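Number of protein chains: 6
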Amino acid sequence: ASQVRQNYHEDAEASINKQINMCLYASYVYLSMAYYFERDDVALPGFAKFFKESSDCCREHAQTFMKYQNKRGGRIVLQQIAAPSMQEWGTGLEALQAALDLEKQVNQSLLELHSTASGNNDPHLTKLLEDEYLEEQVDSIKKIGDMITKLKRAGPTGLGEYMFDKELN
Amino acid sequence: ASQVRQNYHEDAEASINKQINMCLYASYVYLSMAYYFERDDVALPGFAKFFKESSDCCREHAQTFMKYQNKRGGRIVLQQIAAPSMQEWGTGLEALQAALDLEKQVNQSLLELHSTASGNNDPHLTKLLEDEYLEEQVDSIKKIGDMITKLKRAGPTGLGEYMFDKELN
Amino acid sequence: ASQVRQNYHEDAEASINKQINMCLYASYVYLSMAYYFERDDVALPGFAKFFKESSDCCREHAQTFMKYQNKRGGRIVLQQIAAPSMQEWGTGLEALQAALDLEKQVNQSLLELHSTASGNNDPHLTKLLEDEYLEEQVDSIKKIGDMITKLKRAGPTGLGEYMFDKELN
Amino acid sequence: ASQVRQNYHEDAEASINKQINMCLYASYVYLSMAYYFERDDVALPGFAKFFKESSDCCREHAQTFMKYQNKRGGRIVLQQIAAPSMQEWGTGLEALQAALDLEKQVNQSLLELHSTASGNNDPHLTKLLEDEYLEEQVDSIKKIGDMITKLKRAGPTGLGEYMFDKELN
Amino acid sequence: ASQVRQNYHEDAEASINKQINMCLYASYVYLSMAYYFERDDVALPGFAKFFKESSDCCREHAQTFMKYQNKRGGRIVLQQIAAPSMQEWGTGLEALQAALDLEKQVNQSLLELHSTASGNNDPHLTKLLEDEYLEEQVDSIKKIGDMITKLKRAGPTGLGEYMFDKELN
Amino acid sequence: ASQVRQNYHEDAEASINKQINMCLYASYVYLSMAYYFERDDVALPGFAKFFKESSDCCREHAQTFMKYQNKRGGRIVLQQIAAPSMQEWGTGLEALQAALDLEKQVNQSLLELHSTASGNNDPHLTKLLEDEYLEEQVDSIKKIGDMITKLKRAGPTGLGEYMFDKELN
Ligand SMILES: [Mg+2]
Ligand SMILES: [Mg+2]
Ligand SMILES: [Mg+2]
Ligand SMILES: [Mg+2]
Ligand SMILES: [Mg+2]
Ligand SMILES: [Mg+2]
Ligand SMILES: [S]
Ligand SMILES: [S]
Ligand SMILES: [S]
Ligand SMILES: [S]
Ligand SMILES: [S]
Ligand SMILES: [S]
Ligand SMILES: [S]
Ligand SMILES: [S]
Ligand SMILES: [S]
Ligand SMILES: [S]
Ligand SMILES: [S]
Ligand SMILES: [S]
Ligand SMILES: [S]
Ligand SMILES: [S]
Ligand SMILES: [S]
Ligand SMILES: [S]
Ligand SMILES: [S]
Ligand SMILES: [S]
Ligand SMILES: [S]
Ligand SMILES: [S]
Ligand SMILES: [S]
Ligand SMILES: [S]
Ligand SMILES: [S]
Ligand SMILES: [S]
Ligand SMILES: [S]
Ligand SMILES: [S]
Ligand SMILES: [S]
Ligand SMILES: [S]
Ligand SMILES: [S]
Ligand SMILES: [S]
Ligand SMILES: [S]
Ligand SMILES: [S]
Ligand SMILES: [S]
Ligand SMILES: [S]
């Protein structure tokens, strides 16, 4: 095996590789949203910049897990990255609702992995999850929730959406 | 002939002179729009500044072609500059739609001239058109398209137009 | 009609629109001279720069009139700008003599505009004509007179014209 | 359809979407190599950094194409990104030889895209391919060729590979 | 053969070797003229400086073509550089007329190379020719033409030539 | 003949003209070497830099001789520059041995030029050869001798040549 591997269970190794794929996929989904909102017949630059930032964030989440896999002496296994199923995202509100569901899905998967690591008594992995993932998932979910409420107050269509988009930019 | 003229076909020379007139005319049209939107009974300073910038831009497009004509050893021939046919432009949306059509008309004429120059194998002229005209025409057209979509979302009349105008300023 | 118009006679409104067109024509004429003197077989860069600056000055003159029309509550009506009477201006001396006659003709037109404003007792308009046009016009005429005398001493052809051109540049 | 689309053939729209997917795959392949060379039992940090930068470059290449698609008025259609053909790249030399073949294949694909744009007389697209892709592609291929020659001189295994890696870092 | 070579026709490779020789020859001609104008019995330092600069420029043109040859994977083949057509260049006017004919011949050879590249569908080579050579060649020809006109007006012999020479100092 | 000429023998004047051609030829040989080591299948950037510097140095030697010819009132006579005897220079060691032989050939020719000047009692020319050519000629030969010794110790091939090349860069 690895000259560095210690207390690193095989099911944690495989779970990291699935988590890497999930964050790459979320990144792809955000990239799709970002360029949709830059279409000339959509033109919501605030939404576009917000989702482009989320795409980069998810790509770093995946690269952090890859580094971690190498740090613990496991082996990275990259899988195909599915395309987003629907690539016409509709209104800015509908995209925020989809993003909120995507982030909750990632959180649930991260909480599953913390339970896995805690069951095999891997405190190094549980610490990584608490410091680098769990806290920012909860902050993303709260931020999107706040945004949905603000957008429904302002709009959510027409002049209200145009003004909400300007705050995002 | 010219001591400097080389590989410069007469039909390119004449086409440059027509293109010079077209951009002077577009500049005039934009100047007309700019001072319309500064009327006391219109008062859309954002629209006024946007069209005044477009007027100056078109005047430089024409002066660049005049310089080019002299650089290649052809002769500049200036023609009358027709007045804009309608000088009451209506709403800010209607002026953007007219501007979008004017810019597409200029683009089509520029693409015709690239085909002319390419047919007579004038790579110096095709390069000038690609570097200095074609790329900025496509960017103008995309910018105006974006603006029309934003204005329809915000307004396009009343408080929405007033707020869109403030972003333009 | 206009909520701002006061003591602004239709006489003045129409003469201002005619003066806008006149200064735009003069600017076009100066532009034609400027690029004539940049031809490879003329190559008089000082003359070209001088006439470039006169072309810019006359365009500001026209824009100050359009701003004035809107300030007083009149309506700007643009007319076709005629092609310059000739495209080929000959020597540096012949171009200066044409500009002198062009500025004297603009000056006579402004003096007529001042006289009709005085007849209509419009002190705001006579103030504008005195401060922003009649001064500049007399300065331009004196400057061109000086240059013609200097050019005739130095040249007006050959090495003298070459030397006098370097002073303009 | 699109209020901005002009002279943009469906041929080009579809090949741009295919090229977006291709550069995203190449970026994924480069990412796999980068983290392979950071494994504790490989430990080639210069190679890892080099392939990290190539992964970032290819992702910008893909994003410039998505921006271009929106600029011209086409529609971006994302496709699944395939998993890299292998996860385990062997020696530094074998990875460079794979990257050289990957860049040559991307280059052939871009030359085909240029040829179909020329056939459709789309000078805006041929300009984009010349300035932002074909240059960089030829530079990348030359650079990788140079490194393979240098690596073969120094090593390609043992102390030579260790030394050549320090130069990349 | 070459691990980097792609889409590079043997005809382009041979034409590049010939173009390298042509610019080396022109560099040599300008060097000759520069030192001719520094003879004690000629003493035209402005002309000397102008031709020295032209000499360096052509040498840099040759070296960019040699770099290009290596970048595409062709092989540089250096040929003899012919002695300049004259040892003594007569007047400043005659030297400028010689340089104008030299730059026109170089321009013509470049346009033929462009047409060759187009026929073989080599967009990377046509791009290089459009960006690094054709524009500077047209500017260079226009500059020399301007100078010949200025020197014919000033001189072309005697005090006028002396004064024109200070312009280029 | 020359109003400046004094104590300048036609023997010296002819020898100076041959020495100019000899240093132009050596410059050309170094240029060929420089771009040979930049080939993708050679890739020795240290040697390339070294020979490109040697190329510039020999060209300045030739121009210093052309200046001197004019200073003394002799007449520069330029001949063909022969093609380099080789187009491919083998290994780095083989290039250095050819450079060593070429620098000794130039030194021997300079020493004969010094003998000529001494024979005709031209102390100004013996002073030029001592202070600007002979000392720097002896330094170049010593430096190349040093390099040959260092490269034979390090290499002369493989990793040693790769490491030696880095001290040159
Ligand atoms: Mg286990
Ligand atoms: Mg013709
Ligand atoms: Mg009235
Ligand atoms: Mg189509
Ligand atoms: Mg071939
Ligand atoms: Mg010869
Ligand atoms: S984010
Ligand atoms: S995020
Ligand atoms: S982030
Ligand atoms: S973030
Ligand atoms: S996430
Ligand atoms: S503009
Ligand atoms: S514009
Ligand atoms: S502009
Ligand atoms: S612009
Ligand atoms: S335009
Ligand atoms: S002026
Ligand atoms: S003026
Ligand atoms: S002015
Ligand atoms: S002025
Ligand atoms: S004027
Ligand atoms: S004036
Ligand atoms: S890169
Ligand atoms: S790359
Ligand atoms: S990059
Ligand atoms: S790069
Ligand atoms: S690439
Ligand atoms: S690349
Ligand atoms: S030059
Ligand atoms: S030049
Ligand atoms: S240059
Ligand atoms: S130049
Ligand atoms: S040249
Ligand atoms: S140049
Ligand atoms: S040139
Ligand atoms: S040297
Ligand atoms: S040197
Ligand atoms: S040197
Ligand atoms: S030398
Ligand atoms: S030397």
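Chains as they are written, first to last, in the deposited numbering: chain A, 2 to 170; chain A', 2 to 170; chain C, 2 to 170; chain C', 2 to 170; chain D, 2 to 170; chain B, 2 to 170. A prime marks a further copy of an entry chain. Just so it is clear, CB atoms sit at the ideal spot from N, CA and C, and this is done for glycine as well.
(request) Report the partner residues of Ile82 (chain D) according to the DSSP bridge assignment. (result) B:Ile82
(message) Residues around ligand 30, please: the condition is that the C-beta lies closer than 6 Å to some non-hydrogen atom of it.
(response) In chain order, the hits are D:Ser55, D:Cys58 and D:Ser141.
(request) Taking only heavy atoms of ligand 11 into account, decide whether any of them is closer than 7 Å to the Cβ of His62 (chain A). (result) yes
(message) For a quick check, are the C-beta atoms of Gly93 (chain D) and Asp166 (chain D) less than 8 Å apart?
(response) yes
(request) Kindly indicate the opening and closing residues of the alpha helix (DSSP H) around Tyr36 (chain B). (result) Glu11 to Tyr37
(request) List the residues of chain A' whose Cβ lies closer than 8 Å to the Cβ of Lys68 (chain C'), in chain order. (result) Contact annotation for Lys68 (chain C') against chain A': no contact, minimum CB-CB distance about 10 Å [criterion: below 8 Å].
(request) Give the residues of chain A in contact with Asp41 (chain C'), contact being defined as C-beta atoms less than 8 Å apart. (result) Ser3, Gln4, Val5, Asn71 and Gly74
(request) Could you tell me if the beta carbon of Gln138 (chain A) falls within a distance shorter than 7 Å of some heavy atom in ligand 11? (result) Checking every heavy atom of ligand 11 against the Cβ of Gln138 (chain A), one is found closer than 7 Å.
(message) Against chain A, which members of the stretch 82-99 of chain C' pass a CB distance test of less than 8 Å?
(response) Those residues of the stretch 82-99 of chain C' that come within reach of chain A (Cβ to Cβ, closer than 8 Å) are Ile82, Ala83, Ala84, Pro85 and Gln88.
(message) Under 8 Å, Cβ to Cβ, is there at least one residue of chain B near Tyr134 (chain D)?
(response) Residue contact with chain B for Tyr134 (chain D): absent (no Cβ-Cβ distance below 8 Å to any residue of chain B).
(request) Give me the Cα-Cα distance between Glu11 (chain A) and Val139 (chain C'), rounded to the nearest whole angstrom. (result) 44 Å
(message) Applying the 10 Å Cβ sphere with the 16-neighbour rule, what's the burial state of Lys151 (chain D)?
(response) buried
(request) Figure out for me which residue from C:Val107, C:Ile149, C:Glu89 and C:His62 has the closest Cα to the Cα of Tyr36 (chain C). (result) C:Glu89
(message) Taking only three categories from DSSP, how would you classify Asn108 (chain A')?
(response) helix
(message) Going by C-alpha to C-alpha distance, which of C:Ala15, C:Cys59 and C:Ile142 sits closest to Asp102 (chain C)?
(response) C:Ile142
(message) By the DSSP assignment, the alpha helix (DSSP H) with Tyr69 (chain B) in it spans what residues?
(response) Membership of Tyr69 (chain B) in the alpha helix (DSSP H) is indicated by the continuous run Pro46 to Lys72.
(message) So, at 6 Å on beta carbons, what are the nonlocal neighbours of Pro85 (chain A) in its own chain, with the 5 sequence-adjacent residues on each side left out?
(response) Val30 and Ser33
(message) Could you compute how far the alpha carbon of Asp147 (chain A') sits from the alpha carbon of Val5 (chain C')?
(response) 9 Å
(message) So within the stretch 115-163 of chain A', which uninterrupted alpha helix (DSSP H) runs reach at least 4 residues, ignoring any that extend past its ends?
(response) The stretch 115-163 of chain A' contains, as complete alpha helix (DSSP H) runs of 4+ residues, the segments 124-130 and 136-155 (chain order).
(message) If I measure Cβ to Cβ from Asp123 (chain C') and keep anything under 8 Å in the same chain, skipping five residues before and after, which residues do I get?
(response) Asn8, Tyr9, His10 and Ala13
(message) Could you check whether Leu114 (chain D) and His125 (chain A') sit closer than 8 Å to each other, using their CB atoms as the reference points?
(response) no
(message) Given a cut-off of 8 Å on the beta-carbon distance, is the pair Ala49 (chain D) and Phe38 (chain D) in contact?
(response) yes
(request) Under 8 Å by Cβ, that's how I've got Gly47 (chain D) and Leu169 (chain D) pegged, so tell me the actual separation to the nearest angstrom. (result) Contact holds; Cβ gap of about 3 Å.
(message) To be precise: take each residue of the stretch 27-40 of chain C', compare its Cβ to all Cβ atoms of chain A, and keep it if any distance is under 8 Å. Which residues remain?
(response) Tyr29, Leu32, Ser33, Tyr36, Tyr37, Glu39 and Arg40
(request) Tell me whether the beta-carbon of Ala63 (chain D) lies closer than 8 Å to the beta-carbon of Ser28 (chain D). (result) yes
(request) Would you check if the distance between the CB atom of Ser55 (chain C') and the CB atom of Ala100 (chain C') is smaller than 8 Å? (result) yes
(request) Could you name the residues of chain C' that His125 (chain D) contacts, counting a contact when the two beta carbons are closer than 8 Å? (result) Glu131, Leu135, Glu136 and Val139
(request) Go ahead and label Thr158 (chain B) buried or exposed: buried means 16 or more other beta carbons lie within 10 angstroms of its beta carbon, across all protein chains shown. (result) exposed
(request) Show which residues of chain A have a CB atom less than 8 Å away from the CB atom of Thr150 (chain A'). (result) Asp41, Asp42, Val43 and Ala44
(request) Determine whether the Cβ of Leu160 (chain A) lies closer than 8 Å to any Cβ atom of chain A'. (result) By the rule that beta-carbons nearer than 8 Å mark a contact, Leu160 (chain A) touches chain A'.
(message) Under 8 Å, Cβ to Cβ, is there at least one residue of chain A near residue 1 (chain C')?
(response) Residue 1 (chain C') is absent from the model: chain C' starts at 2 and stops at 170.
(request) Can you give me the Cβ contacts of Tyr69 (chain C') inside the same chain, cut-off strictly under 7 Å, excluding the 5 residues immediately before and after it? (result) Closer than 7 Å at the Cβ level, and outside the excluded window around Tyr69 (chain C'), lie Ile17 and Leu129.
(message) Just checking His10 (chain A) against ligand 1 - is the residue's beta carbon closer than 7 Å to any of the ligand's heavy atoms?
(response) yes
(message) Contact criterion: CB-CB distance below 8 Å. Does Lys143 (chain C') meet it with respect to chain B?
(response) yes
(request) Indicate, with yes or no, if ligand 11 has a heavy atom lying under 7 Å from the CB of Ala27 (chain A). (result) Correct: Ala27 (chain A) has its Cβ closer than 7 Å to ligand 11.
(request) Give the C-beta separation of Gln106 (chain A') and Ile149 (chain A') to the nearest angstrom, bearing in mind that I take them to be a contact with Cβ-Cβ under 8 Å. (result) Contact doesn't hold; Cβ gap of about 17 Å is too wide.
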